[PDB]
Amino acid sequence: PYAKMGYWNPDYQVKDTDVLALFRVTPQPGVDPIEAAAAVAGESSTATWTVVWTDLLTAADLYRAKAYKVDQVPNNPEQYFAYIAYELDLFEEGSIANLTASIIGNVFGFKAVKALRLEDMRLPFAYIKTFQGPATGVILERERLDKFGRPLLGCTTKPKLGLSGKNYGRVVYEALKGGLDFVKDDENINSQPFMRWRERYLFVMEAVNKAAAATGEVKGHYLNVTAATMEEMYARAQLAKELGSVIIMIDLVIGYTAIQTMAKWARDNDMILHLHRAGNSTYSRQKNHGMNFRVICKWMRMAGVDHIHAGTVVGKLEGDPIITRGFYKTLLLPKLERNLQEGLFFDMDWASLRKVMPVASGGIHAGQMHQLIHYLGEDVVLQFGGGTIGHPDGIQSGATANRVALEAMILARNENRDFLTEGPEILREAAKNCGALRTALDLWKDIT
Amino acid sequence: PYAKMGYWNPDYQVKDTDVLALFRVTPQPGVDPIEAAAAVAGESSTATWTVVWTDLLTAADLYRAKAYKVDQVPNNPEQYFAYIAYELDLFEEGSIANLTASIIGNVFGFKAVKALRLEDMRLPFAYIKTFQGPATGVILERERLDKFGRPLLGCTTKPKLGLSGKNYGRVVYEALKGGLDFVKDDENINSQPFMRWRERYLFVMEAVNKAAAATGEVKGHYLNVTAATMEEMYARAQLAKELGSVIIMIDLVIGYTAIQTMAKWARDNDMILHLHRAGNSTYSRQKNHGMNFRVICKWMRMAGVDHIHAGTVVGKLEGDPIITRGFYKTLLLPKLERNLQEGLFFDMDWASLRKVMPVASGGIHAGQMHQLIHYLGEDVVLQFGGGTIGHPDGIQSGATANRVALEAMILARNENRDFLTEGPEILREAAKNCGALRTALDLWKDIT
Amino acid sequence: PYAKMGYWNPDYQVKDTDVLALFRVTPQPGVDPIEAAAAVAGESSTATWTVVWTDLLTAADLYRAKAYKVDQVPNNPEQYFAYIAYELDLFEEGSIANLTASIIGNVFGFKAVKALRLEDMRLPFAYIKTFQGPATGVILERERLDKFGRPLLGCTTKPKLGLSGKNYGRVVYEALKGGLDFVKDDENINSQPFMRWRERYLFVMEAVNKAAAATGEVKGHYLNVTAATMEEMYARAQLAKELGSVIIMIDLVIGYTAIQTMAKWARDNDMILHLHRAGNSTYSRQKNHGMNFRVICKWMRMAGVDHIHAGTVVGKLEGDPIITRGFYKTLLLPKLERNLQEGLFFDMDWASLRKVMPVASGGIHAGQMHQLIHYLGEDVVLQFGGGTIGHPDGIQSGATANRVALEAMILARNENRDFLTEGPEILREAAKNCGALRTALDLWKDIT
Amino acid sequence: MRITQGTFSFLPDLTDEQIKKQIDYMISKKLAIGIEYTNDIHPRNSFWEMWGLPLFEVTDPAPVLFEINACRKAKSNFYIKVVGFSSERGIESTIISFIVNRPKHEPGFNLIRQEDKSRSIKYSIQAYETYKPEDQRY
Amino acid sequence: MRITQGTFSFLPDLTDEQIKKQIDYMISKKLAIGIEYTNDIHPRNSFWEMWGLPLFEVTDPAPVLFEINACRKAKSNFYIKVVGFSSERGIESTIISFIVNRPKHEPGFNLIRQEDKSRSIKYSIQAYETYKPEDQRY
Amino acid sequence: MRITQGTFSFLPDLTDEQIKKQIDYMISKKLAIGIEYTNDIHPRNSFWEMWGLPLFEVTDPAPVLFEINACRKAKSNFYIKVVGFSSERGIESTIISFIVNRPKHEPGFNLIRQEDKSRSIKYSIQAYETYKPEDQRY
Ligand SMILES: [Cl-]
Ligand SMILES: [Mg+2]
Ligand SMILES: [Mg+2]
Ligand SMILES: [Mg+2]
């Protein structure tokens, strides 16, 4: 029995120190929602293989997770929202591995539970206060870049792979000079037989400094320090530092501990730390199993990364805009307010942890800028693909069109034009003084 | 167009150097399997935002993944198996982050593809040859333990949490003395307010040495070195080493780079390295998205861990026995032969990488030993929960029953008794000379 | 018996993973070629001192080298080509010491074999994939120098020895300013009573920077870091680095392990690594014993050096041009195709290892440039001796004549002039606008 | 070349009416409003000269516009920017910053390469006009 | 106490017929078969004395059983074990190892605690019988 | 002094017919052909300005020659070079690079010696024309 073993407590009162989780539970055909919740609770805590004297040597109750609330998923008769409470003393301070191990690991249910997704977490203030939060954060990153009141612009180098150091630097230089604030290594580009990492870093720095001298702006290139071992990541991070890079990147696949290690390094060495997280990882459009991205957003803001890809509403990624708005809030706000439509199940105080910058990447172009400003706000990095590199007039020109479109939309937003309704005419008034933009707009309206 | 852009090549000939992936693809309602495969291929390689001059500066074709074979999933009209080839030069030698980033990251398909699971990988010999493989491996681990011809026995400390160092060591000592080869820290037990890690390690070592002096065997306790940063993991690993521990453990949630870093440390310091991986992580019984566990098994054997939980067939985890047999083969064999029923889609030579030991954990007891020996073989660690700690006669006694049952079944296997059919009578002949086993057998036959 | 002990297997099938060697074997007067080959095979593997029980504890067959093919040397009744196969698992990954120890060490034959030369090796792809290959490589070295489409020019400082730091720097400066891309330390100049190494390095750097400021080119001087111990080599390498040298050199006599150590250092510190190997070492024009230079070329490309002296066809070194062409291919091509006239006995895939630059050194002058371009191609460093320093008009002038002659020949090659037939008229049209060249051409045509 | 520091520097120079509408934005965001000027246009010159103090609690754009034009008259051969500071908790920083005057001609920057260890280079940029004293610039 | 090194040491001592059936197993696994003995029963004593060489290519258990009993007669107050070695590629090692003789009485081990830095201890175990010369043991 | 970056810079400046024959070479090597220009002639200035994109799949030298002469007209007081890029696997890089225009006069470089630890010096070279803004060079 699980409901009778302590694990189900409808009368439990949550404390300000509890860690809370909301699971979307799908119970075994002919099993009770209460027993299902209880199972999930009892598995992610004290595993009852029946009768254990050694429990009575400890304050047993304290270590047991409590299923305290179950609601039917509205619009789905067979799925339930189970709310579970965990005592703060179960968790290692400052450790994402320990948090994730504790919650999504122990949580079984073979006989009572058919499917389980983690939807949201309420990390209590005193727990959050044990984490560094973003190495830099939005406010500091903007002070370092001297860039205020607009989204930042970036793109990945095209092609992803195959360019030598020198031809790679060429792209970086053209794009930066043309208008972009940042260029980036692809998540795949680490160190490979077609190009090892040291020459890339060396030519990139030349490109970046050339571009700053040609524009009078701070410029950056996300040098990918992702590697197989920590010592190797440190070596790559240490060259970015040495050469004066403003920014590096890491791939979420390095995993939690390497991320925390890197977040602390970026804090200690004045480096902006961009995290790459695949928008369409095979582990994507689930309703059944896994964990929702909002939970990743909470943990990564706690770990201490400065940028993470959060989604668009439009373009190629077909997001529910209100769910996305919910990911942005998680990343940016000092306090989150429950709002079921955004998929935020808990109020949450962020304990003055710094802000992470959302990144919008994926099939976006200059003709959607009104929708992009309207859905995503001004604290965002917008990343355009062959939206820049494949301008018929050159990479510089592609960059210029994106940058003009952005400034023009922000100017109209600030003037209080109904830029969502009048967005196309706004872009067309801008293109009038800007041939590269005129050329950009014609291209993505004729068919594509 | 994706099928017309190079990405679909039905005539492609795979090379011995190619990295191959098999995805279970579910195409968008009214999209073609060929276009779906092509999309997956074209996303996990050169992202075609249409027209990019810079491609012509590189040997473009080389960097493009090839969809080369599509089969309808037999028993599922709407799902397809897409086989994709990747050139070896795309991949950083020795890097799991790079492999996983390359394959499951870039792989999108918003407009053509509804769902995608990675089912299997063919890592070519020359690639595998770039990885360390298990720090110790099965053969060496058995030489260090002086334990041949039988599964090893372990259990997790009960309760998971809350015992002081001294009462924690007590359990470890009783269980080891009673018969178990190993005791383990729970994946949740790192360092917490109820117990910090140094006192645990210190009392555990006393227990382990007491148990060796009481039995004349090598004994071990998996000390969990899981921590938030690399320096912290190293500190914990360095105390296990200093105190003479035979074995440590890490949680898969530390992530790939910390795992590789730890695998190299365990190789360099003569330490067996057990990896904890949740058998029922929310990311479990999927048919739709994610990646199949056999792929994790390949990557972890490459990374270099010595143990990983691979499943049972029986007990609480309701596995398809033939799929499980497939996970074991991945871990243990020097060569894998395609076998669709086991879910192995490729032949694969393991390039003389050492063997990883499967761990069977989860609702198993001494009365199923015939099924356990028959399904799982002799190279396995069998972990029994309150199957030991909650014996009415004591922890020592619980350990003894499990150990006798195991030896008795292996003895009958070697005598060529049809131990699967006559398993209950075999256990009953053993219990005749063993009260603890008699007591164990009565308990799990009366009801449970 | 050796042919009857397993070592001779005419029916053996080579695998893609085997390491293969081709020995030129001269059997004892009145001994059989089959027994001779077998002896060589059986000596470089499991030494049969007759009856050894301990073999049966191992997969014995695996460790035995197989003589699998014997051909009579065409044009030599008494000599045979023996082809021997070795399992990949015999060899330490990444270790030239282990490779050379394994192959040319164990290989005896007192009673069956009179003389033995190693002619060629087929290193399998998966083995080659375990080595770094060139620290820089040709493509990267040219990107760093901004020098494309022509051979590079160098010379050794004359005299070899005796100049103080300051007078030594003088020569370096004059020669570089006059046209040469590189100047070099002699292999003999390390650190000696007439001149210690630190002052040399300090004055050389001044010369090199003066020469770059006088020409607008990247200039280099091979600073010799050769020393008696590793710590001493590292100290010398670390000063070259600190002072900003583009290039260092080492002598092949430091030996394999110091070479690998230095190759890894040059990769990690962005330094071009030139290897000095004596063109006429006492260990030179053999047909009987030792190993052929093509094998050294394979191992040094694997170890990771960036330049090695490969020979001329003309000048003072009297090479067979087709054998030399074979050394160049070994160094430069991504794939080698068997070609018996070039002395390449195996096809070989280079596994995307970087290219080593051949160096042509030895009694060459500006009047042979057509033959030099025709035999040696454009990826080569041409080193001229007193062909530069002993120009009657000065070192600068000597450098200029060599550089003009080179550019003029490459220009005629690109125009598709039959520059081999019309080479003298090409040089004479160039000398018309170039007095230093006119003076050079008159000097080496009047007698010498 | 055109210096592209500023929120709207990829647009044409702002008219007085556009400038007015941006002041209105800042007013409704409740920002302090500063006017700063410089003729050392280095991107890491964080501290331009202040033209007066920032204006707090502003309700009418006209006094802001008057001071912009007074600065334009006193300092016509300088860069002049308008900055909006937020005092909102967890921001406490500039949230908008745009150019309202540029010199008639921009010569740009010199790139200095000091060669260091191996292939690495230490970089400086130096605005050409900064090779001259302040009163001789632009 | 009972020393529990060995595959079957938690079972009662094996009869000759049980021993016979285990030899048959090893024969069908194609193992080399060794007989080793010791009266230093430390778990890290990797090298017991060999009673003869291992038997290779064995087809009949009787000669194995004869040597086990000859060792039992010569060395009755010793531990005696039977080991099966595999020559299979990627194993090349013992795959079974079991006790076929124990001394009549086992006194066990002494635990030594040498106190080291802070709270750490360096441990040794010493079999009590090893405090005596070999010919006085058990 | 004459800057000797370039494959043929020790030869006299190439005539249009010589230039034509080098384009033919590149065409038969199947290179992409780029035109780049600069008036910062530092040897570590890896990135000259591109005059248009590289020309791919070229079959007739005339359009290449037309763009060289158009660049010569627009940028006569610049260095102008022609670059040939190979896409051949394991090369993927420039394989030829030569000057097709030089300024009428080259002043050269300044050598800077920053004194460091012991006797070591940190060196920079600075092209003299780079002490002036781009539009005042040569
Ligand atoms: Cl400095
Ligand atoms: Mg991204
Ligand atoms: Mg486990
Ligand atoms: Mg030489």
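The numbers used for chain B are those of Swiss-Prot, and the residues that appear cover 27-474, in sequence.
This entry, so its header tells us, was determined using X-ray crystallography, 2.2 Å.
Placement of Cβ uses the backbone N, Cα and C atoms for every residue, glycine included.
Listed features, source Swiss-Prot:
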type     : residues               : note
ACT_SITE : B:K184                 : active site, proton acceptor
ACT_SITE : B:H302                 : active site, proton acceptor
BINDING  : B:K210, B:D212, B:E213 : Mg(2+) binding site
MOD_RES  : B:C181                 : S-nitrosocysteine
MOD_RES  : B:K210                 : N6-carboxylysine
MOD_RES  : B:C460                 : S-nitrosocysteine
SITE     : B:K342                 : site 'Transition state stabilizer'
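Most Cβ neighbours within 10 Å, among the binding-site residues B:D212, B:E213: B:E213 holds that distinction in the structure as shown. B:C460 (S-nitrosocysteine) is 26 Å away from B:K210 (Mg(2+) binding site) when you measure Cα to Cα. Distances between the Cα of B:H302 (active site, proton acceptor) and those of the recorded positions B:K184, B:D212, B:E213, B:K342 are shortest for B:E213.
Highlighted in sequence order, B:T182, B:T183, B:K186, B:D211, B:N214, B:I215, B:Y248, B:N250, B:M275, B:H302 have their Cβ within 8 Å of the centre of the Cβ atoms of B:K210, B:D212, B:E213, the residues recorded for Mg(2+), and are not part of that set. Taking the Cα of B:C181 (S-nitrosocysteine) as the reference point, the closest of the recorded positions B:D212, B:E213, B:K342, B:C460 is B:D212. Here the recorded positions are B:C181, B:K184, B:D212, B:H302, B:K342, B:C460, and none sits under 8 angstroms from chain F, going by CB atoms. The Cβ of B:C181 (S-nitrosocysteine) has 25 other Cβ atoms within 10 Å, all protein chains considered. When the C-beta distance to chain E is held to under 8 angstroms, none of the recorded positions B:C181, B:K210, B:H302 remains.
Around the Cβ of B:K342 (site 'Transition state stabilizer'), the same chain contributes B:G388, B:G389, B:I390, each under 8 angstroms and 6 or more positions distant in sequence. The Cα atom of B:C460 (S-nitrosocysteine) lies nearest to that of B:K184, taking the recorded positions B:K184, B:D212, B:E213 as the candidates. The number of other CB atoms found within 10 A of the CB of B:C460 (S-nitrosocysteine), across every protein chain shown, is 23. Contacting chain A by the Cβ rule (under 8 Å between Cβ atoms), the recorded positions B:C181, B:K210, B:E213, B:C460 reduce to B:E213. DSSP assigns B:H302 (active site, proton acceptor) to a strand segment in the three-state reduction.
Under a cutoff of 8 A between CB atoms, and with a sequence separation of 6+ in the same chain, the neighbours of B:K184 (active site, proton acceptor) are B:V197, B:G411, B:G412, B:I415, B:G416. There are 28 other CB atoms within 10 A of the CB of B:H302 (active site, proton acceptor), with all protein chains counted. B:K210 (Mg(2+) binding site) carries a strand DSSP state (E or B). Close contacts with ligand 3, defined as a Cβ under 6 Å from any of its atoms, occur at none of the recorded positions B:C181, B:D212, B:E213, B:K342.
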